Amino acid sequence: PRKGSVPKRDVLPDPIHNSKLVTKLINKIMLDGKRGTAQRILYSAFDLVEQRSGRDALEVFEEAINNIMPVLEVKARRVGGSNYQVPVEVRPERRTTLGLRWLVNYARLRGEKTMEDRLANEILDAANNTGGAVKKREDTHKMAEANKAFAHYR
Amino acid sequence: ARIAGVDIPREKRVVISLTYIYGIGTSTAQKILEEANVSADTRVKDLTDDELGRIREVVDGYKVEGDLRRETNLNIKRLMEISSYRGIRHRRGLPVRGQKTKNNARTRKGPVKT
Amino acid sequence: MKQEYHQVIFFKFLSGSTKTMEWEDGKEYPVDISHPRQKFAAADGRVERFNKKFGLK
Amino acid sequence: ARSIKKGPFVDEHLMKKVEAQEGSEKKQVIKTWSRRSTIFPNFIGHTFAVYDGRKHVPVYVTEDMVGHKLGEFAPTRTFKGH
RNA sequence: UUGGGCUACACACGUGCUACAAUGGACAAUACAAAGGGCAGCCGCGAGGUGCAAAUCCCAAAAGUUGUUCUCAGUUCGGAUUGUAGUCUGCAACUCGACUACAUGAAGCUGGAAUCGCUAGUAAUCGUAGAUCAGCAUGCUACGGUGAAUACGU
Ligand SMILES: [Mg+2]
Ligand SMILES: [Mg+2]
């Protein structure tokens with residue numbers, strides 16, 4: 001807003017993995033306020049991850065998120081008759097937002113029948129540096145380094 | 001397999017597969033499988049010959065398929081022949097149950113003709 | 001004829017076909033619709049339907 | 001539909017017109033405004049000039065019309081176009 | 001005053017409701033609200049039929065949770081349309097009411113250009129009540145349940 005920045009809301013750590021990042025993930029999964037469904041999907045997906053990989057689900061999930069979170073983004077700008085996509089650095093809080101948003105958005109587009117299956121495979125894929133959410137991050141860096149000459153705009 | 005002259009789907013449970021017969025819905029299929037003592041969860045490819053015979057005998061007591069199509073067509077023909085209000089709507093291709101035709105009569109009328 | 005199709009048994013009666021049970025002949029062969037009774041009574045008619053519905057004799 | 005316990009509705013004035021001709025052969029047209037009267041079995045063979053809002057249109061009753069309203073055979077709207 | 005029309009129907013536009021399904025459908029069991037209204041007013045598969053003038057009695061939660069089943073199919077999604085048989089109100093449901101049961105089972109598999117709302121108990125979603133009112137609410141007004149994401153900056 002014009003006045004200035006607004007304080008953000010904290011969340012509680014999840015009861016199983018004691019993780020605030022996991023709680024924020026459940027909120028991204030959740031539709032129409034149906035939290036129980038979102039929690040059920042997330043915890044079922046983490047069981048699938050833990051046994052399809054052999055590791056802790058949370059440990060795989062932090063690896064997967066680190067491969068989705070971008071370091072540079074592009075911002076639209078109007079510069080006297082030529083729109084310029086200025087590359088900027090993503091702030092740490094926005095990195096987590098995009099990591100969780102891209103993970104859920106590209107898990108929703110997959111072909112597995114259930115969302116717990118889709119989310120678990122996205123996490124396993126992103127932890128191997130593949131999948132739709134990792135590609136979306138790659139295309140964001142590919143759009144940014146193609147404009148790193150325009151870093152002098154603001 | 002073939003029950004009332006129709007080859008109902010082989011891979012589904014009987015309650016569902018029976019609904020592929022013209023004249024049998026969900027509730028009729030349930031009562032047919034209660035009358036003829038066949039479990040609803042049986043796949044029709046797993047129906048025994050005796051179980052299939054009992055189904056065909058109960059189904060024989062219902063008006064289905066071409067007998068039901070003839071009866072329905074005779075009813076519409078009677079309405080048109082006596083030139084009732086409904087019979088006129090049937091011939092004109094318009095809704096017959098008092099629905100408004102200024103908008104939203106596409107099912108009876110078809111695609112829009114701009 | 002040039003050089004399958006056997007005598008299958010389809011009530012029961014002998015027949016020839018390719019879509020392949022002891023008989024009085026003593027041999028065995030590969031073995032719904034009996035086609036319609038009155039099945040269903042015909043339409044009552046509007047007068048009779050009216051009288052029966054309202055009990056008007 | 002009308003409740004069966006209430007029977008089939010017919011206006012009393014129209015029914016007396018039908019019964020007044022009962023036991024005759026030279027039936028005469030019955031002019032009526034009662035579009036809401038059920039056609040009874042004793043209406044068969046009779047003609048009813050039924051008001052459609054501006055004129056009485058003839059409705060000759062056959063057996064297949066029994067149980068319908070008289071108004072169902074006197075259309076009230078005119079449409080032949082767009 | 002009786003009857004008809006305001007409900008027409010090749011189309012065009014606005015506002016909504018229901019869907020296109022697996023974060024779902026069907027079946028079974030089991031929890032948790034708020035705000036209001038009320039005098040001749042608050043056996044049948046079914047719609048329905050035969051104590052209280054109010055913190056007292058009635059109208060009267062769903063989403064949710066736990067299980068079973070369906071297995072990606074225009075289908076066990078969808079319930080438009082139509083046939084038949086009924087219930088109730090009303091003198092009277094043809095034009096032209098609401099609801100129920102059986103059958104039928106349309107378009108529709110996330111929507112071009114473009115365009116709308118919303119900054120927190122909000123949006124989204126789920127039910128509830130009232131006025132009008134014999135009968136008729138996907139509209140209006142009101143009530144709670146679950147309940148987000150984001151705001152770097154001009
Ligand atoms: Mg109007
Ligand atoms: Mg359904």
# chains A, B, ... in the order shown; residues from 1 in each chain; ligands from 1
>>> interface_residues(of="chain C", to="chain B", cutoff="12 Å", atoms="only C-alpha atoms", output="PyMOL selection string")
chain C and resi 32-43+45-46
>>> residues_near_ligand(ligand="ligand 2", cutoff="7 Å", atoms="only C-alpha atoms (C1' of nucleotides) and all ligand atoms", output="PyMOL selection string")
chain E and resi 25+77-78
>>> closest_atom_pairs(of="chain E", to="ligand 1", cutoff="12 Å", atoms="only C-alpha atoms (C1' of nucleotides) and all ligand atoms", output="CSV")
residue,atom,partner,partner_atom_place_in_ligand_line,distance
E:5,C1',ligand 1,1 (Mg),11.4
E:6,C1',ligand 1,1 (Mg),6.2
E:7,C1',ligand 1,1 (Mg),7.9
>>> atom_distance(atom1="atom CA of residue D:69", atom2="atom CA of residue D:38")
4.5 Å
>>> residues_around(residues="residue A:106", least_positions_apart="4", cutoff="7 Å", atoms="only C-alpha atoms (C1' of nucleotides)", output="number ranges by chain")
A: 102, 110, 132-133
>>> select_by_dssp(residues="chain D", states="strand (DSSP E)", output="ChimeraX atom specification")
/D:30-32,47-51,56-60
>>> residues_around(residues="residue B:45", least_positions_apart="3", cutoff="12 Å", atoms="only C-alpha atoms (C1' of nucleotides)", output="list in words")
residues 1, 2, 7, 8, 9, 10, 11, 12, 13, 14, 17, 41, 42, 48, 49, 51 and 52 of chain B
>>> write_last_selection(atoms="N, CA, C and O atoms", output="mmCIF file, in the first residue's frame")
data_model
loop_
_atom_site.group_PDB
_atom_site.id
_atom_site.type_symbol
_atom_site.label_atom_id
_atom_site.label_comp_id
_atom_site.auth_asym_id
_atom_site.auth_seq_id
_atom_site.Cartn_x
_atom_site.Cartn_y
_atom_site.Cartn_z
ATOM 1 N N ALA B 1 -24.002 -61.059 -18.980
ATOM 2 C CA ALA B 1 -23.720 -60.631 -20.340
ATOM 3 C C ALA B 1 -24.938 -59.944 -20.947
ATOM 4 O O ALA B 1 -25.205 -58.782 -20.658
ATOM 5 N N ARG B 2 -25.677 -60.661 -21.787
ATOM 6 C CA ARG B 2 -26.887 -60.123 -22.395
ATOM 7 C C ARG B 2 -28.064 -60.419 -21.478
ATOM 8 O O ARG B 2 -28.379 -61.585 -21.226
ATOM 9 N N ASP B 7 -26.020 -55.833 -23.935
ATOM 10 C CA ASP B 7 -24.789 -56.362 -23.354
ATOM 11 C C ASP B 7 -24.286 -55.365 -22.319
ATOM 12 O O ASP B 7 -23.592 -54.405 -22.651
ATOM 13 N N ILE B 8 -24.646 -55.587 -21.060
ATOM 14 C CA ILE B 8 -24.265 -54.691 -19.972
ATOM 15 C C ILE B 8 -22.765 -54.817 -19.722
ATOM 16 O O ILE B 8 -22.183 -55.872 -20.003
ATOM 17 N N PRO B 9 -22.098 -53.769 -19.234
ATOM 18 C CA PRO B 9 -20.635 -53.819 -19.094
ATOM 19 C C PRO B 9 -20.171 -54.941 -18.178
ATOM 20 O O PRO B 9 -20.717 -55.155 -17.096
ATOM 21 N N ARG B 10 -19.123 -55.641 -18.616
ATOM 22 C CA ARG B 10 -18.686 -56.857 -17.940
ATOM 23 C C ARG B 10 -17.802 -56.574 -16.735
ATOM 24 O O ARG B 10 -17.750 -57.386 -15.809
ATOM 25 N N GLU B 11 -17.123 -55.436 -16.715
ATOM 26 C CA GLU B 11 -16.133 -55.154 -15.687
ATOM 27 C C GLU B 11 -16.710 -54.484 -14.446
ATOM 28 O O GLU B 11 -15.989 -54.336 -13.457
ATOM 29 N N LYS B 12 -17.978 -54.098 -14.456
ATOM 30 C CA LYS B 12 -18.559 -53.329 -13.367
ATOM 31 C C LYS B 12 -19.367 -54.217 -12.429
ATOM 32 O O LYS B 12 -19.707 -55.356 -12.742
ATOM 33 N N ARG B 13 -19.670 -53.667 -11.257
ATOM 34 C CA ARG B 13 -20.573 -54.313 -10.317
ATOM 35 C C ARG B 13 -21.983 -54.368 -10.896
ATOM 36 O O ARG B 13 -22.369 -53.528 -11.708
ATOM 37 N N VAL B 14 -22.764 -55.367 -10.461
ATOM 38 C CA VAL B 14 -24.054 -55.636 -11.101
ATOM 39 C C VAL B 14 -25.000 -54.451 -10.963
ATOM 40 O O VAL B 14 -25.719 -54.117 -11.908
ATOM 41 N N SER B 17 -24.045 -52.083 -13.626
ATOM 42 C CA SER B 17 -24.193 -52.614 -14.976
ATOM 43 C C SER B 17 -25.652 -52.741 -15.380
ATOM 44 O O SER B 17 -25.987 -52.542 -16.551
ATOM 45 N N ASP B 41 -22.236 -56.194 -5.250
ATOM 46 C CA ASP B 41 -20.828 -55.939 -5.506
ATOM 47 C C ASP B 41 -20.196 -56.928 -6.475
ATOM 48 O O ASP B 41 -19.011 -56.787 -6.787
ATOM 49 N N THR B 42 -20.941 -57.914 -6.959
ATOM 50 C CA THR B 42 -20.383 -58.864 -7.910
ATOM 51 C C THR B 42 -20.115 -58.184 -9.246
ATOM 52 O O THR B 42 -20.966 -57.463 -9.768
ATOM 53 N N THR B 48 -22.256 -66.181 -11.660
ATOM 54 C CA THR B 48 -22.480 -67.575 -12.001
ATOM 55 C C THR B 48 -23.659 -67.698 -12.961
ATOM 56 O O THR B 48 -24.478 -66.788 -13.097
ATOM 57 N N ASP B 49 -23.732 -68.840 -13.646
ATOM 58 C CA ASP B 49 -24.829 -69.070 -14.584
ATOM 59 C C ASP B 49 -26.173 -69.092 -13.870
ATOM 60 O O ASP B 49 -27.177 -68.612 -14.406
ATOM 61 N N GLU B 51 -26.852 -67.461 -10.980
ATOM 62 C CA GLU B 51 -27.131 -66.089 -10.568
ATOM 63 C C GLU B 51 -27.594 -65.248 -11.748
ATOM 64 O O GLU B 51 -28.480 -64.399 -11.607
ATOM 65 N N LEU B 52 -26.997 -65.463 -12.917
ATOM 66 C CA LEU B 52 -27.400 -64.728 -14.107
ATOM 67 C C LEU B 52 -28.808 -65.109 -14.541
ATOM 68 O O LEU B 52 -29.555 -64.268 -15.050
#
>>> closest_residue(among="E:56, E:39, E:95, E:89", to="residue E:8", atoms="only C-alpha atoms (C1' of nucleotides)")
E:95
>>> interface_residues(of="chain E", to="chain B", cutoff="7 Å", atoms="only C-alpha atoms (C1' of nucleotides)", output="list in words")
residues 7, 9, 10, 11, 76, 80, 81, 83, 96, 103 and 106 of chain E
>>> write_last_selection(atoms="N, CA and C atoms (P, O5', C5', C4', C3', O3' and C1' of nucleotides)", output="PDB file, in the first residue's frame")
ATOM      1  P     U E   7     -43.423 -10.949 -17.874  1.00  0.00           P
ATOM      2  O5'   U E   7     -43.912 -12.463 -17.872  1.00  0.00           O
ATOM      3  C5'   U E   7     -44.026 -13.201 -19.083  1.00  0.00           C
ATOM      4  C4'   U E   7     -43.530 -14.614 -18.918  1.00  0.00           C
ATOM      5  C3'   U E   7     -43.978 -15.584 -20.005  1.00  0.00           C
ATOM      6  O3'   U E   7     -42.951 -16.546 -20.232  1.00  0.00           O
ATOM      7  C1'   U E   7     -44.745 -16.347 -17.911  1.00  0.00           C
ATOM      8  P     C E   9     -43.613 -19.499 -27.123  1.00  0.00           P
ATOM      9  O5'   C E   9     -42.300 -18.885 -27.782  1.00  0.00           O
ATOM     10  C5'   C E   9     -42.240 -18.614 -29.178  1.00  0.00           C
ATOM     11  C4'   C E   9     -40.854 -18.213 -29.625  1.00  0.00           C
ATOM     12  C3'   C E   9     -39.698 -19.024 -29.044  1.00  0.00           C
ATOM     13  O3'   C E   9     -38.669 -19.128 -30.026  1.00  0.00           O
ATOM     14  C1'   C E   9     -39.404 -16.746 -28.518  1.00  0.00           C
ATOM     15  P     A E  10     -38.768 -20.162 -31.253  1.00  0.00           P
ATOM     16  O5'   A E  10     -37.853 -19.482 -32.356  1.00  0.00           O
ATOM     17  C5'   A E  10     -36.625 -18.886 -31.980  1.00  0.00           C
ATOM     18  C4'   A E  10     -35.747 -18.570 -33.161  1.00  0.00           C
ATOM     19  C3'   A E  10     -34.340 -18.126 -32.792  1.00  0.00           C
ATOM     20  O3'   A E  10     -33.464 -19.220 -32.606  1.00  0.00           O
ATOM     21  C1'   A E  10     -35.292 -16.550 -34.269  1.00  0.00           C
ATOM     22  P     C E  11     -32.478 -19.265 -31.345  1.00  0.00           P
ATOM     23  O5'   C E  11     -31.335 -18.234 -31.735  1.00  0.00           O
ATOM     24  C5'   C E  11     -30.803 -17.333 -30.782  1.00  0.00           C
ATOM     25  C4'   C E  11     -30.718 -15.936 -31.337  1.00  0.00           C
ATOM     26  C3'   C E  11     -29.971 -14.937 -30.469  1.00  0.00           C
ATOM     27  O3'   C E  11     -28.572 -14.976 -30.688  1.00  0.00           O
ATOM     28  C1'   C E  11     -32.052 -14.018 -31.119  1.00  0.00           C
ATOM     29  P     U E  76     -20.604 -45.813 -14.429  1.00  0.00           P
ATOM     30  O5'   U E  76     -21.032 -44.751 -13.327  1.00  0.00           O
ATOM     31  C5'   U E  76     -22.399 -44.491 -13.036  1.00  0.00           C
ATOM     32  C4'   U E  76     -22.575 -43.955 -11.636  1.00  0.00           C
ATOM     33  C3'   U E  76     -21.569 -42.893 -11.207  1.00  0.00           C
ATOM     34  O3'   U E  76     -22.199 -42.001 -10.293  1.00  0.00           O
ATOM     35  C1'   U E  76     -21.374 -44.775  -9.794  1.00  0.00           C
ATOM     36  P     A E  80     -32.535 -30.729 -13.355  1.00  0.00           P
ATOM     37  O5'   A E  80     -32.804 -29.947 -14.713  1.00  0.00           O
ATOM     38  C5'   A E  80     -32.017 -28.826 -15.084  1.00  0.00           C
ATOM     39  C4'   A E  80     -31.807 -28.788 -16.574  1.00  0.00           C
ATOM     40  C3'   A E  80     -33.018 -29.161 -17.413  1.00  0.00           C
ATOM     41  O3'   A E  80     -33.917 -28.081 -17.589  1.00  0.00           O
ATOM     42  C1'   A E  80     -31.126 -30.335 -18.198  1.00  0.00           C
ATOM     43  P     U E  81     -35.500 -28.322 -17.491  1.00  0.00           P
ATOM     44  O5'   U E  81     -35.814 -29.314 -18.693  1.00  0.00           O
ATOM     45  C5'   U E  81     -35.605 -28.927 -20.041  1.00  0.00           C
ATOM     46  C4'   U E  81     -35.778 -30.098 -20.971  1.00  0.00           C
ATOM     47  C3'   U E  81     -37.074 -30.871 -20.816  1.00  0.00           C
ATOM     48  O3'   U E  81     -38.157 -30.256 -21.485  1.00  0.00           O
ATOM     49  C1'   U E  81     -35.267 -32.384 -20.912  1.00  0.00           C
ATOM     50  P     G E  83     -43.914 -34.633 -21.344  1.00  0.00           P
ATOM     51  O5'   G E  83     -43.973 -36.195 -21.055  1.00  0.00           O
ATOM     52  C5'   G E  83     -44.157 -37.125 -22.110  1.00  0.00           C
ATOM     53  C4'   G E  83     -44.160 -38.544 -21.604  1.00  0.00           C
ATOM     54  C3'   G E  83     -45.100 -38.840 -20.449  1.00  0.00           C
ATOM     55  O3'   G E  83     -46.447 -39.011 -20.848  1.00  0.00           O
ATOM     56  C1'   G E  83     -42.993 -39.759 -19.974  1.00  0.00           C
ATOM     57  P     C E  96     -47.362 -20.517 -19.617  1.00  0.00           P
ATOM     58  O5'   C E  96     -47.302 -21.444 -18.327  1.00  0.00           O
ATOM     59  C5'   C E  96     -46.314 -21.230 -17.324  1.00  0.00           C
ATOM     60  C4'   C E  96     -46.884 -21.318 -15.928  1.00  0.00           C
ATOM     61  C3'   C E  96     -47.703 -22.574 -15.625  1.00  0.00           C
ATOM     62  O3'   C E  96     -47.550 -22.907 -14.248  1.00  0.00           O
ATOM     63  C1'   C E  96     -49.037 -20.674 -15.279  1.00  0.00           C
ATOM     64  P     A E 103     -35.481 -45.867 -11.169  1.00  0.00           P
ATOM     65  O5'   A E 103     -35.786 -45.556 -12.701  1.00  0.00           O
ATOM     66  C5'   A E 103     -36.353 -46.547 -13.541  1.00  0.00           C
ATOM     67  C4'   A E 103     -36.970 -45.970 -14.793  1.00  0.00           C
ATOM     68  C3'   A E 103     -36.060 -45.181 -15.714  1.00  0.00           C
ATOM     69  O3'   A E 103     -35.196 -45.994 -16.480  1.00  0.00           O
ATOM     70  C1'   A E 103     -38.119 -44.058 -15.502  1.00  0.00           C
ATOM     71  P     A E 106     -27.112 -37.905 -21.716  1.00  0.00           P
ATOM     72  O5'   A E 106     -27.200 -36.581 -22.591  1.00  0.00           O
ATOM     73  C5'   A E 106     -28.042 -36.505 -23.732  1.00  0.00           C
ATOM     74  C4'   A E 106     -28.322 -35.069 -24.079  1.00  0.00           C
ATOM     75  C3'   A E 106     -27.116 -34.147 -23.984  1.00  0.00           C
ATOM     76  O3'   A E 106     -26.338 -34.148 -25.168  1.00  0.00           O
ATOM     77  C1'   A E 106     -28.909 -33.211 -22.772  1.00  0.00           C
TER      78        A E 106
END
>>> interface_residues(of="chain E", to="chain A", cutoff="9 Å", atoms="only C-alpha atoms (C1' of nucleotides)", output="number ranges by chain")
E: 22-23, 63-65, 71-72, 124-125, 146-149, 151-154
>>> select_by_dssp(residues="stretch 7-114 of chain B", states="alpha helix (DSSP H)", output="short mmCIF file (atom, residue, chain, number, x, y, z; two decimals) with N, CA and C atoms, in the first residue's frame")
data_model
loop_
_atom_site.label_atom_id
_atom_site.label_comp_id
_atom_site.auth_asym_id
_atom_site.auth_seq_id
_atom_site.Cartn_x
_atom_site.Cartn_y
_atom_site.Cartn_z
N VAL B 14 -22.76 -55.37 -10.46
CA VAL B 14 -24.05 -55.64 -11.10
C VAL B 14 -25.00 -54.45 -10.96
N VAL B 15 -25.04 -53.82 -9.79
CA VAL B 15 -25.97 -52.71 -9.58
C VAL B 15 -25.74 -51.62 -10.62
N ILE B 16 -24.48 -51.34 -10.92
CA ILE B 16 -24.17 -50.34 -11.93
C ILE B 16 -24.49 -50.86 -13.32
N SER B 17 -24.05 -52.08 -13.63
CA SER B 17 -24.19 -52.61 -14.98
C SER B 17 -25.65 -52.74 -15.38
N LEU B 18 -26.53 -53.08 -14.43
CA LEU B 18 -27.95 -53.19 -14.73
C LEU B 18 -28.55 -51.85 -15.17
N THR B 26 -30.89 -46.64 -10.69
CA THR B 26 -30.17 -47.11 -9.51
C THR B 26 -31.10 -47.84 -8.54
N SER B 27 -32.29 -47.29 -8.30
CA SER B 27 -33.20 -47.90 -7.33
C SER B 27 -33.81 -49.19 -7.86
N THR B 28 -34.14 -49.23 -9.15
CA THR B 28 -34.65 -50.47 -9.73
C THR B 28 -33.58 -51.56 -9.71
N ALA B 29 -32.33 -51.20 -10.01
CA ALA B 29 -31.26 -52.18 -10.01
C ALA B 29 -31.06 -52.77 -8.63
N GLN B 30 -31.18 -51.95 -7.59
CA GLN B 30 -31.06 -52.44 -6.22
C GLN B 30 -32.17 -53.43 -5.89
N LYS B 31 -33.40 -53.14 -6.30
CA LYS B 31 -34.52 -54.03 -5.98
C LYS B 31 -34.48 -55.31 -6.81
N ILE B 32 -33.94 -55.24 -8.03
CA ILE B 32 -33.80 -56.44 -8.84
C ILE B 32 -32.79 -57.39 -8.22
N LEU B 33 -31.71 -56.85 -7.67
CA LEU B 33 -30.69 -57.69 -7.05
C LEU B 33 -31.07 -58.13 -5.65
N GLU B 34 -32.07 -57.50 -5.04
CA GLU B 34 -32.64 -58.04 -3.81
C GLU B 34 -33.61 -59.17 -4.11
N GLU B 35 -34.50 -58.96 -5.09
CA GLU B 35 -35.44 -59.99 -5.52
C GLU B 35 -34.70 -61.24 -5.96
N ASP B 49 -23.73 -68.84 -13.65
CA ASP B 49 -24.83 -69.07 -14.58
C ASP B 49 -26.17 -69.09 -13.87
N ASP B 50 -26.22 -69.66 -12.66
CA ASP B 50 -27.45 -69.65 -11.90
C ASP B 50 -27.83 -68.24 -11.46
N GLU B 51 -26.85 -67.46 -10.98
CA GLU B 51 -27.13 -66.09 -10.57
C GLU B 51 -27.59 -65.25 -11.75
N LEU B 52 -27.00 -65.46 -12.92
CA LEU B 52 -27.40 -64.73 -14.11
C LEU B 52 -28.81 -65.11 -14.54
N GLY B 53 -29.18 -66.38 -14.36
CA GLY B 53 -30.53 -66.80 -14.70
C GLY B 53 -31.58 -66.20 -13.78
N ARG B 54 -31.27 -66.07 -12.49
CA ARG B 54 -32.21 -65.47 -11.56
C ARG B 54 -32.42 -63.99 -11.86
N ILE B 55 -31.36 -63.29 -12.26
CA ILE B 55 -31.49 -61.88 -12.63
C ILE B 55 -32.40 -61.73 -13.84
N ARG B 56 -32.21 -62.57 -14.85
CA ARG B 56 -32.99 -62.43 -16.07
C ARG B 56 -34.47 -62.68 -15.83
N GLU B 57 -34.81 -63.52 -14.84
CA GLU B 57 -36.21 -63.80 -14.57
C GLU B 57 -36.88 -62.66 -13.82
N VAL B 58 -36.16 -62.00 -12.91
CA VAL B 58 -36.73 -60.85 -12.23
C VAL B 58 -36.85 -59.68 -13.19
N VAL B 59 -35.82 -59.46 -14.03
CA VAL B 59 -35.84 -58.38 -15.00
C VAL B 59 -36.99 -58.56 -15.98
N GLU B 65 -36.54 -51.41 -22.17
CA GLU B 65 -35.99 -51.47 -23.53
C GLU B 65 -37.07 -51.11 -24.54
N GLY B 66 -37.37 -51.95 -25.53
CA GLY B 66 -38.26 -51.55 -26.60
C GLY B 66 -39.71 -51.51 -26.21
N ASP B 67 -40.10 -52.28 -25.20
CA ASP B 67 -41.47 -52.19 -24.70
C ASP B 67 -41.70 -50.86 -23.99
N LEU B 68 -40.69 -50.37 -23.27
CA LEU B 68 -40.82 -49.08 -22.61
C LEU B 68 -40.71 -47.93 -23.60
N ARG B 69 -39.92 -48.10 -24.66
CA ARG B 69 -39.81 -47.04 -25.67
C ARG B 69 -41.10 -46.90 -26.46
N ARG B 70 -41.77 -48.01 -26.77
CA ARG B 70 -43.04 -47.94 -27.46
C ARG B 70 -44.10 -47.24 -26.61
N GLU B 71 -44.15 -47.55 -25.32
CA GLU B 71 -45.15 -46.94 -24.45
C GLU B 71 -44.94 -45.43 -24.34
N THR B 72 -43.70 -45.00 -24.17
CA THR B 72 -43.42 -43.57 -24.06
C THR B 72 -43.75 -42.85 -25.36
N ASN B 73 -43.43 -43.46 -26.50
CA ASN B 73 -43.72 -42.83 -27.78
C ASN B 73 -45.22 -42.77 -28.05
N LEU B 74 -45.97 -43.79 -27.62
CA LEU B 74 -47.42 -43.75 -27.76
C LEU B 74 -48.02 -42.61 -26.95
N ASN B 75 -47.46 -42.34 -25.77
CA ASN B 75 -47.98 -41.26 -24.94
C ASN B 75 -47.78 -39.91 -25.61
N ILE B 76 -46.60 -39.67 -26.17
CA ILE B 76 -46.35 -38.40 -26.84
C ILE B 76 -47.19 -38.28 -28.11
N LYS B 77 -47.38 -39.40 -28.81
CA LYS B 77 -48.21 -39.39 -30.01
C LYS B 77 -49.66 -39.05 -29.68
N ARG B 78 -50.17 -39.55 -28.55
CA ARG B 78 -51.54 -39.23 -28.17
C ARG B 78 -51.70 -37.74 -27.88
N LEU B 79 -50.73 -37.15 -27.18
CA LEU B 79 -50.80 -35.72 -26.88
C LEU B 79 -50.81 -34.89 -28.15
N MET B 80 -50.02 -35.29 -29.14
CA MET B 80 -49.98 -34.54 -30.40
C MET B 80 -51.23 -34.77 -31.22
N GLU B 81 -51.78 -35.98 -31.18
CA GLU B 81 -52.94 -36.29 -32.02
C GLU B 81 -54.18 -35.55 -31.55
N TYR B 85 -52.26 -28.66 -25.45
CA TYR B 85 -51.21 -27.67 -25.33
C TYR B 85 -49.83 -28.32 -25.30
N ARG B 86 -49.68 -29.40 -24.53
CA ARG B 86 -48.41 -30.10 -24.47
C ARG B 86 -48.06 -30.74 -25.81
N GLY B 87 -49.05 -31.32 -26.49
CA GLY B 87 -48.80 -31.92 -27.78
C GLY B 87 -48.31 -30.93 -28.81
N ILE B 88 -48.80 -29.69 -28.74
CA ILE B 88 -48.33 -28.65 -29.64
C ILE B 88 -46.89 -28.28 -29.31
N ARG B 89 -46.55 -28.18 -28.02
CA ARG B 89 -45.17 -27.89 -27.64
C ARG B 89 -44.22 -29.01 -28.08
N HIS B 90 -44.69 -30.25 -28.03
CA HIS B 90 -43.87 -31.38 -28.47
C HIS B 90 -43.53 -31.26 -29.95
N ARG B 91 -44.51 -30.91 -30.78
CA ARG B 91 -44.28 -30.80 -32.21
C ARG B 91 -43.45 -29.57 -32.56
N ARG B 92 -43.64 -28.48 -31.82
CA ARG B 92 -42.90 -27.25 -32.09
C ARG B 92 -41.47 -27.29 -31.59
N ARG B 106 -32.46 -24.08 -24.27
CA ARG B 106 -31.54 -24.61 -25.28
C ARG B 106 -31.68 -26.12 -25.44
N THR B 107 -31.96 -26.84 -24.35
CA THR B 107 -32.10 -28.29 -24.44
C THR B 107 -33.21 -28.67 -25.41
N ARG B 108 -34.36 -28.02 -25.31
CA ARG B 108 -35.45 -28.31 -26.23
C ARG B 108 -35.24 -27.68 -27.60
N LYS B 109 -34.60 -26.51 -27.66
CA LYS B 109 -34.45 -25.77 -28.91
C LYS B 109 -33.19 -26.11 -29.68
#
>>> residues_around(residues="residue D:40", least_positions_apart="4", cutoff="12 Å", atoms="only C-alpha atoms (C1' of nucleotides)", output="NGL selection string")
(:C and (46-51 or 54 or 56)) or (:D and (7-11 or 14-15 or 18-19 or 44-46 or 61-70))
>>> residues_around(residues="residue A:86", least_positions_apart="2", cutoff="8 Å", atoms="only C-alpha atoms (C1' of nucleotides)", output="tab-separated table (two decimals) with C-alpha atoms, in the first residue's frame")
chain	number	residue	atom	x	y	z
A	74	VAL	CA	12.15	-10.41	-13.37
A	75	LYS	CA	9.97	-7.35	-12.79
A	76	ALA	CA	7.94	-5.51	-15.39
A	77	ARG	CA	8.78	-1.87	-16.06
A	84	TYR	CA	11.94	-3.80	-19.72
A	88	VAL	CA	15.84	-8.23	-9.17
A	144	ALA	CA	16.64	-13.07	-15.53
A	147	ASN	CA	18.17	-9.29	-18.78
A	148	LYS	CA	21.09	-8.86	-16.39
A	150	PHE	CA	18.96	-4.19	-17.44
A	151	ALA	CA	19.92	-4.44	-13.76
A	153	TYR	CA	16.86	0.09	-13.88
A	154	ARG	CA	14.65	0.28	-10.79
>>> interface_residues(of="chain D", to="chain B", cutoff="7 Å", atoms="only C-alpha atoms", output="VMD selection string")
chain D and resid 65 72 to 73 75
>>> residues_around(residues="residue A:124", least_positions_apart="2", cutoff="9 Å", atoms="only C-alpha atoms (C1' of nucleotides)", output="ChimeraX atom specification")
/A:49,52-53,60-61,64,119-122,126-131
>>> atom_distance(atom1="atom CA of residue A:65", atom2="atom CA of residue A:22")
10.9 Å
>>> closest_atom_pairs(of="chain D", to="chain E", cutoff="9 Å", atoms="only C-alpha atoms (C1' of nucleotides)", output="Markdown table")
| residue | atom | partner | partner_atom | distance |
| --- | --- | --- | --- | --- |
| D:1 | CA | E:93 | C1' | 7.3 |
| D:2 | CA | E:93 | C1' | 7.8 |
| D:3 | CA | E:87 | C1' | 7.1 |
| D:4 | CA | E:86 | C1' | 8.6 |
| D:9 | CA | E:92 | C1' | 8.1 |
| D:11 | CA | E:92 | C1' | 9.0 |
| D:33 | CA | E:3 | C1' | 6.1 |
| D:34 | CA | E:3 | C1' | 8.2 |
| D:35 | CA | E:94 | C1' | 6.9 |
| D:36 | CA | E:94 | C1' | 6.7 |
| D:37 | CA | E:92 | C1' | 8.7 |
| D:51 | CA | E:3 | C1' | 6.4 |
| D:52 | CA | E:4 | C1' | 6.4 |
| D:53 | CA | E:4 | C1' | 3.8 |
| D:54 | CA | E:4 | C1' | 7.2 |
| D:68 | CA | E:94 | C1' | 8.0 |
| D:69 | CA | E:94 | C1' | 5.6 |
| D:70 | CA | E:94 | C1' | 7.1 |
| D:71 | CA | E:94 | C1' | 4.6 |
| D:72 | CA | E:94 | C1' | 4.4 |
| D:73 | CA | E:94 | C1' | 8.0 |
| D:74 | CA | E:94 | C1' | 8.6 |
| D:75 | CA | E:95 | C1' | 7.3 |
| D:76 | CA | E:4 | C1' | 6.6 |
| D:77 | CA | E:8 | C1' | 6.9 |
| D:78 | CA | E:8 | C1' | 8.0 |
| D:79 | CA | E:8 | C1' | 7.3 |
| D:81 | CA | E:10 | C1' | 8.0 |
| D:82 | CA | E:10 | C1' | 4.7 |
